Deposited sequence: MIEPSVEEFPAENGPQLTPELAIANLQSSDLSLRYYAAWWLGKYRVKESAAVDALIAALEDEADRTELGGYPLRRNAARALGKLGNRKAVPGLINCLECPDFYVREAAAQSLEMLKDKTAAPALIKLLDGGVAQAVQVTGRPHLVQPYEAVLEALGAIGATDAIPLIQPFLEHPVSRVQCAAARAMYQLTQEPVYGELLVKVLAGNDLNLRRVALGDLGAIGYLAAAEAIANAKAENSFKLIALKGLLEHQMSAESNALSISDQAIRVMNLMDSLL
């Protein structure tokens, strides 16, 4: 009888083989859990990948407003496995009627970095900022703009710049941050990196975390001391510094400068 911050178990004790099998269980909760487990434990075996791809077409599990819970978790898992075999199925999920599938797919396509997703990502920006509204009673915008913009940056879709640039004036702060990130990735203009730096200085913690991840992803060197001094957890600081370090890669004085900051956040 005792208290644990991080428990031995959070669920059935699984192995890769068993998680993969459980994707086809009659227990839908167990399928859902298994798909999360495969992503969490980064089980990159080809049969895990194939099974998750198949679960992108699940019809057994449905929720509120015609959602597809297992498709969401499968989509999210595929992005963590690094296997671009998933790209076409994820691309298809960008036209899923369930918002949260579209979101999960766009986030995973951002992680996989495959440029073959560009046209389908571009289509979700149809109508531009004017159409980028929130439907009443929904806790989300009409499309997962944040993930879509981040994904278009990550895959190097330079043709999308003129569609992306207007989102810097979107009313939602998270959307503007994503558009700043994407704009920097696609144009390399410091002014867009600086907007991410300014979010670091902001009153909003979650936003600071996002800005850290973005500054890491783009490798914007000038933000190093602002990253190291930001009001956020060291974990996010180190990930941001690591991305800066990787862009500056033996050893320049700029790399050393970044390592010295990383050393101080341990």
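J.: Spell out the unmodelled ranges of the deposited sequence for me, N- to C-terminal, numbering from the first residue.
T.: Several regions go unmodelled: 1 to 3, 253 to 259.
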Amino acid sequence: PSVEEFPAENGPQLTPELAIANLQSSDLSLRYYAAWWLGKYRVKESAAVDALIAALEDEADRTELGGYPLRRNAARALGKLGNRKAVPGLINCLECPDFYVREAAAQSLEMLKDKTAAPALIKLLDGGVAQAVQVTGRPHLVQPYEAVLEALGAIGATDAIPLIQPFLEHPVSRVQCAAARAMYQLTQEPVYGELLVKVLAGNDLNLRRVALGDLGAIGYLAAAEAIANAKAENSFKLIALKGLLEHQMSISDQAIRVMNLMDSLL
From here on, numbers count along this sequence of modelled residues.
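J.: Pick between 203 to 211 and 49 to 57: the one whose mean CA B-factor in the entry is higher.
T.: The stretch with the larger mean CA B-factor is 203 to 211.
J.: Would you determine, from the values in the PDB entry, which of 24 to 32 and 235 to 243 has the greater average C-alpha temperature factor?
T.: Stretch with the greater average CA B-factor: 24 to 32.
J.: Would you mind checking which of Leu70, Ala217, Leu221, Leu38 has the top Cα temperature factor in the PDB entry?
T.: Answer for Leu70, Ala217, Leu221, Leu38: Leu221, with the highest C-alpha B-factor.
J.: Taking the C-alpha B-factors as the PDB entry records them, is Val135 in the lowest, middle or highest third of its chain?
T.: Tercile = highest for this residue's CA B-factor.
J.: Among the modelled residues of its chain, does the C-alpha B-factor of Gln176 lie in the lowest, middle or highest third?
T.: CA B-factor rank for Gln176: lowest third.
J.: Taking the entry's C-alpha B-factors for this chain, is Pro162 in the lowest, middle or highest third?
T.: Within its chain, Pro162 is a middle-third residue by C-alpha B-factor, going by the deposited values.
J.: Would the CA B-factor of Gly153 place it in the lowest, middle or highest third of its chain?
T.: CA B-factor rank for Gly153: lowest third.
J.: Report the third (lowest, middle or highest) to which the CA temperature factor of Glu194 belongs, ranking only the modelled residues of the same chain.
T.: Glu194: CA B-factor falls in the middle third of its chain.
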